[PDB]
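For the sequence shown, my numbering assigns the number 1108 to the initial residue and increments by one for each residue that follows.
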Amino acid sequence: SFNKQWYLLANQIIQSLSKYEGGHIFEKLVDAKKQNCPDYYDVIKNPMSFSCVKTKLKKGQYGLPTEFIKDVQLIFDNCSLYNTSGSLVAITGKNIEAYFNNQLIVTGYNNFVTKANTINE
Ligand SMILES: Cc1cc(C(N)=O)cc(C)c1-c1[nH]c(C)c2c1CCCCC2=O
Ligand SMILES: [Cl-]
């Protein structure tokens, strides 16, 4: 069915991000002490990781395909907010964001978004 099909696609896409070069930095939430960033959660108020998205997909927490996109984009927006533009972490986020947005085209995922936008118009 409709929702099962884009859930399957979303799981495929999130897994490709996890395997992308340097994608491990987005897998788990930042540990303020262990990653030497004591101020992280003072700056980042809506934290998000690949593993959070996988949990929402596993549990059935998304109702619309755009909710998946919003959460993944939030990871990259957190990245560019906290990290300085030239840094290894900021580079990695820009790389994976670019990859992610291309995958939404290549997999047809955006077409589920287009179909769902007309439904809830
Ligand atoms: C670089 C890094 C390495 C590992 C690891 N297990 O090696 C784990 C994490 C969570 C991270 C990481 N990821 C992000 C999105 C961030 C960090 C910490 C540095 C700056 C703050 C920051 O934004
Ligand atoms: Cl690393």
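We put the CB at the ideal spot given by N, CA and C, even for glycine.
Beyond the five residues adjoining it in sequence on each side, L1171 comes within less than 8 Å, by CB distance, of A1223, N1227 in the same chain, given in chain order. Across the set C1186, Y1206, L1195, the C-alpha of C1186 shows the shortest separation from the C-alpha of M1155. Annotation for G1200: the continuous alpha helix (DSSP H) segment containing it runs 1195-1213. Ranked by Cα distance from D1178, the options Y1148, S1125, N1153 are led by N1153. Less than 7 Å separates the beta-carbon of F1157 from that of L1124.
Following the DSSP letters along the chain, one finds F1175 inside the alpha helix (DSSP H) bounded by residues 1172-1189. Taking the C-beta atoms as reference points, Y1127 is found nearer than 7 Å to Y1206. Secondary structure note for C1144: it is in no alpha helix (DSSP H), with a DSSP letter that is neither H nor E.
If you draw a straight line from the Cα of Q1142 to the Cα of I1176, it is about 26 Å long.
Ligand 1 has no heavy atom closer than 6 Å to the beta-carbon of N1153.
The beta carbon of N1118 sits closer than 8 Å to the beta carbons of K1161, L1164 from its chain, once the five residues preceding and following it are set aside; these are given in chain order.
The distance from the Cβ of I1151 to that of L1188 is about 7 Å, consistent with a contact at the 8 Å cut-off.
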